[PDB]
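Containing PDB, N, CA and C atoms: coords.pdb.
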```
ATOM      1  N   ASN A   1      84.033 -72.372 126.627
ATOM      2  CA  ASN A   1      83.131 -73.460 126.296
ATOM      3  C   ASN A   1      81.713 -72.906 126.128
ATOM      4  N   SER A   2      80.847 -73.743 125.574
ATOM      5  CA  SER A   2      79.466 -73.351 125.352
ATOM      6  C   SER A   2      78.536 -74.200 126.222
ATOM      7  N   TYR A   3      77.539 -73.539 126.791
ATOM      8  CA  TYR A   3      76.579 -74.219 127.642
ATOM      9  C   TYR A   3      75.190 -73.592 127.511
ATOM     10  N   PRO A   4      74.173 -74.476 127.334
ATOM     11  CA  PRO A   4      72.800 -74.023 127.195
ATOM     12  C   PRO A   4      72.229 -73.584 128.544
ATOM     13  N   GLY A   5      72.017 -72.282 128.666
ATOM     14  CA  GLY A   5      71.477 -71.722 129.894
ATOM     15  C   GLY A   5      71.023 -70.276 129.683
ATOM     16  N   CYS A   6      70.036 -69.879 130.473
ATOM     17  CA  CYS A   6      69.505 -68.530 130.384
ATOM     18  C   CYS A   6      68.419 -68.370 131.451
ATOM     19  N   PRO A   7      68.863 -67.942 132.663
ATOM     20  CA  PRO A   7      67.943 -67.747 133.770
ATOM     21  C   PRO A   7      67.121 -66.469 133.581
ATOM     22  N   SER A   8      66.237 -66.223 134.540
ATOM     23  CA  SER A   8      65.389 -65.047 134.491
ATOM     24  C   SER A   8      66.054 -63.889 135.241
ATOM     25  N   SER A   9      67.355 -64.031 135.451
ATOM     26  CA  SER A   9      68.115 -63.010 136.149
ATOM     27  C   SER A   9      68.410 -61.842 135.208
ATOM     28  N   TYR A  10      68.300 -62.119 133.917
ATOM     29  CA  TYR A  10      68.551 -61.104 132.909
ATOM     30  C   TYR A  10      67.261 -60.382 132.524
ATOM     31  N   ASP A  11      66.686 -60.815 131.411
ATOM     32  CA  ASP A  11      65.452 -60.221 130.923
ATOM     33  C   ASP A  11      65.366 -60.407 129.408
ATOM     34  N   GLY A  12      64.802 -61.539 129.013
ATOM     35  CA  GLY A  12      64.651 -61.849 127.602
ATOM     36  C   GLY A  12      65.921 -61.491 126.825
ATOM     37  N   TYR A  13      67.052 -61.905 127.378
ATOM     38  CA  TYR A  13      68.334 -61.636 126.749
ATOM     39  C   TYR A  13      68.215 -61.671 125.225
ATOM     40  N   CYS A  14      67.355 -62.561 124.751
ATOM     41  CA  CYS A  14      67.142 -62.706 123.320
ATOM     42  C   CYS A  14      65.809 -62.041 122.965
ATOM     43  N   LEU A  15      65.887 -61.079 122.057
ATOM     44  CA  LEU A  15      64.700 -60.361 121.622
ATOM     45  C   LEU A  15      64.613 -60.404 120.096
ATOM     46  N   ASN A  16      63.447 -60.034 119.591
ATOM     47  CA  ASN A  16      63.221 -60.026 118.155
ATOM     48  C   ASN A  16      62.915 -61.448 117.684
ATOM     49  N   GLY A  17      63.782 -62.368 118.078
ATOM     50  CA  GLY A  17      63.616 -63.762 117.703
ATOM     51  C   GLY A  17      64.964 -64.486 117.680
ATOM     52  N   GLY A  18      65.418 -64.868 118.864
ATOM     53  CA  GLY A  18      66.686 -65.568 118.990
ATOM     54  C   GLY A  18      66.689 -66.478 120.219
ATOM     55  N   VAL A  19      67.550 -67.484 120.167
ATOM     56  CA  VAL A  19      67.662 -68.430 121.265
ATOM     57  C   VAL A  19      68.636 -67.881 122.308
ATOM     58  N   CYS A  20      68.594 -68.486 123.487
ATOM     59  CA  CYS A  20      69.464 -68.070 124.574
ATOM     60  C   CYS A  20      70.450 -69.204 124.863
ATOM     61  N   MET A  21      71.704 -68.820 125.052
ATOM     62  CA  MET A  21      72.747 -69.790 125.334
ATOM     63  C   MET A  21      73.790 -69.210 126.290
ATOM     64  N   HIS A  22      74.210 -70.042 127.233
ATOM     65  CA  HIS A  22      75.201 -69.625 128.211
ATOM     66  C   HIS A  22      76.604 -69.934 127.685
ATOM     67  N   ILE A  23      77.542 -69.074 128.055
ATOM     68  CA  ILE A  23      78.921 -69.242 127.628
ATOM     69  C   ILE A  23      79.779 -69.636 128.833
ATOM     70  N   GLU A  24      80.884 -70.303 128.540
ATOM     71  CA  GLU A  24      81.793 -70.739 129.586
ATOM     72  C   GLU A  24      83.114 -69.972 129.496
ATOM     73  N   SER A  25      83.228 -69.178 128.441
ATOM     74  CA  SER A  25      84.428 -68.387 128.228
ATOM     75  C   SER A  25      84.662 -67.457 129.420
ATOM     76  N   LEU A  26      83.565 -67.079 130.058
ATOM     77  CA  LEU A  26      83.635 -66.197 131.210
ATOM     78  C   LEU A  26      82.369 -66.360 132.051
ATOM     79  N   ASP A  27      81.747 -67.521 131.908
ATOM     80  CA  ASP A  27      80.531 -67.816 132.646
ATOM     81  C   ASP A  27      79.473 -66.758 132.319
ATOM     82  N   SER A  28      79.565 -66.232 131.107
ATOM     83  CA  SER A  28      78.627 -65.215 130.659
ATOM     84  C   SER A  28      77.539 -65.854 129.793
ATOM     85  N   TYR A  29      76.425 -65.144 129.682
ATOM     86  CA  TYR A  29      75.307 -65.628 128.890
ATOM     87  C   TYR A  29      75.128 -64.788 127.624
ATOM     88  N   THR A  30      74.933 -65.483 126.514
ATOM     89  CA  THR A  30      74.747 -64.816 125.235
ATOM     90  C   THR A  30      73.417 -65.233 124.605
ATOM     91  N   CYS A  31      73.211 -64.774 123.379
ATOM     92  CA  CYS A  31      71.990 -65.090 122.658
ATOM     93  C   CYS A  31      72.307 -65.109 121.161
ATOM     94  N   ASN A  32      71.480 -65.837 120.424
ATOM     95  CA  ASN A  32      71.662 -65.947 118.986
ATOM     96  C   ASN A  32      70.358 -65.566 118.281
ATOM     97  N   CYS A  33      70.499 -64.748 117.250
ATOM     98  CA  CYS A  33      69.345 -64.302 116.486
ATOM     99  C   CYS A  33      69.416 -64.936 115.094
ATOM    100  N   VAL A  34      68.976 -64.169 114.108
ATOM    101  CA  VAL A  34      68.984 -64.640 112.733
ATOM    102  C   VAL A  34      69.323 -63.476 111.801
ATOM    103  N   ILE A  35      69.390 -63.788 110.516
ATOM    104  CA  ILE A  35      69.700 -62.783 109.515
ATOM    105  C   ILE A  35      69.021 -61.465 109.894
ATOM    106  N   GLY A  36      69.801 -60.395 109.831
ATOM    107  CA  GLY A  36      69.291 -59.076 110.163
ATOM    108  C   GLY A  36      69.268 -58.864 111.680
ATOM    109  N   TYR A  37      69.861 -59.814 112.387
ATOM    110  CA  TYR A  37      69.917 -59.741 113.837
ATOM    111  C   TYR A  37      70.927 -60.744 114.398
ATOM    112  N   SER A  38      71.731 -60.264 115.335
ATOM    113  CA  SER A  38      72.739 -61.105 115.958
ATOM    114  C   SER A  38      73.523 -60.299 116.996
ATOM    115  N   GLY A  39      74.657 -60.854 117.397
ATOM    116  CA  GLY A  39      75.504 -60.203 118.382
ATOM    117  C   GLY A  39      75.371 -60.874 119.751
ATOM    118  N   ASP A  40      75.204 -60.045 120.769
ATOM    119  CA  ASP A  40      75.065 -60.542 122.128
ATOM    120  C   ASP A  40      73.684 -61.180 122.292
ATOM    121  N   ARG A  41      72.817 -60.893 121.332
ATOM    122  CA  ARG A  41      71.467 -61.428 121.359
ATOM    123  C   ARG A  41      70.790 -61.233 120.000
ATOM    124  N   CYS A  42      70.167 -60.073 119.847
ATOM    125  CA  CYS A  42      69.481 -59.750 118.607
ATOM    126  C   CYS A  42      69.556 -58.238 118.397
ATOM    127  N   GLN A  43      70.490 -57.619 119.104
ATOM    128  CA  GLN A  43      70.676 -56.180 119.006
ATOM    129  C   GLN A  43      71.179 -55.807 117.610
ATOM    130  N   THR A  44      72.202 -56.526 117.173
ATOM    131  CA  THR A  44      72.782 -56.280 115.863
ATOM    132  C   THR A  44      71.781 -56.628 114.761
ATOM    133  N   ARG A  45      70.739 -55.815 114.673
ATOM    134  CA  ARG A  45      69.708 -56.024 113.673
ATOM    135  C   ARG A  45      70.262 -55.749 112.272
ATOM    136  N   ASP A  46      71.335 -56.454 111.948
ATOM    137  CA  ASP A  46      71.967 -56.295 110.649
ATOM    138  C   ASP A  46      72.160 -57.671 110.007
ATOM    139  N   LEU A  47      72.720 -57.657 108.806
ATOM    140  CA  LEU A  47      72.963 -58.891 108.081
ATOM    141  C   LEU A  47      74.271 -59.515 108.568
ATOM    142  N   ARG A  48      75.239 -59.568 107.664
ATOM    143  CA  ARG A  48      76.535 -60.136 107.990
ATOM    144  C   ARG A  48      76.428 -61.655 108.139
ATOM    145  N   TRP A  49      76.583 -62.340 107.016
ATOM    146  CA  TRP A  49      76.506 -63.790 107.006
ATOM    147  C   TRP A  49      77.276 -64.312 108.223
ATOM    148  N   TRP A  50      76.525 -64.644 109.261
ATOM    149  CA  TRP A  50      77.122 -65.154 110.483
ATOM    150  C   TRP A  50      76.776 -66.641 110.593
ATOM    151  N   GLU A  51      77.301 -67.409 109.649
ATOM    152  CA  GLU A  51      77.058 -68.841 109.626
ATOM    153  C   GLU A  51      78.062 -69.536 108.707
ATOM    154  N   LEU A  52      78.381 -70.773 109.058
ATOM    155  CA  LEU A  52      79.324 -71.554 108.276
ATOM    156  C   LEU A  52      78.684 -72.893 107.900
ATOM    157  N   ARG A  53      79.108 -73.415 106.759
ATOM    158  CA  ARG A  53      78.586 -74.685 106.279
ATOM    159  C   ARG A  53      77.070 -74.595 106.083
TER     160      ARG A  53
END
```
Would you mind writing the file out in structure tokens?
Amino acid sequence: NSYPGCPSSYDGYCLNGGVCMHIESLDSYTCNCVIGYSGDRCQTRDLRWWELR
């Protein structure tokens, strides 16, 4: 499941320019970036159309 969360236990999980979101798949926290950036946060500073509709 997906859940909006991102404590200060990490450290700007999202960098470059991305939002922070908590996951329920394993109670893990992820992040979302934008074109030229994505993955676990914004590490994947690449393209790869990662969007639908």
- Item | Result set of the PyMOL selection byres (((chain A and resi 18 and name CA) around 7) and name CA) on the coordinates above, as a list in words |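 That selection, the PyMOL selection byres (((chain A and resi 18 and name CA) around 7) and name CA), comes back as residues 14, 15, 16, 17, 19, 20, 31, 32, 33, 34, 41 and 42 of chain A.
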- Item | Å distance separating atom N of residue A:50 from atom C of residue A:29, one decimal place | 18.4 Å
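Take atom C of residue A:7 and atom N of residue A:45: the distance between them is 22.0 Å.
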- Query: Near residue A:35, within 7 Å and counting only N, CA and C atoms, which residues show up once chain neighbours fewer than 3 positions away are dropped, as a ChimeraX atom specification?
  - Reply: /A:38,45-48
- Provide the atom CA of residue A:5 to atom CA of residue A:52 distance in Å, to one decimal place.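 Value for the atom CA of residue A:5-atom CA of residue A:52 distance: 23.0 Å.
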- Item | Backbone DSSP call of strand (DSSP E) for chain A, listed as number ranges by chain | A: 2-3, 19-23, 29-32
Taking all atoms of stretch 3-7 of chain A that the file lists and extending 6 Å past them on each side, where is the centre of the axis-aligned box and how long are its edges? Answer in Å to one decimal, as AutoDock Vina command-line options.
```
--center_x 72.3 --center_y -70.5 --center_z 130.3 --size_x 22.4 --size_y 20.0 --size_z 19.0
```
- 8 Å contact set for residue A:27, all atoms listed in the file, chain neighbours under 4 positions out, as a PyMOL selection string: chain A and resi 1+22-23
- Item | Counting only C-alpha atoms, the residue of A:36, A:30, A:25, A:53 that sits nearest residue A:13 |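 Closest candidate: A:30.
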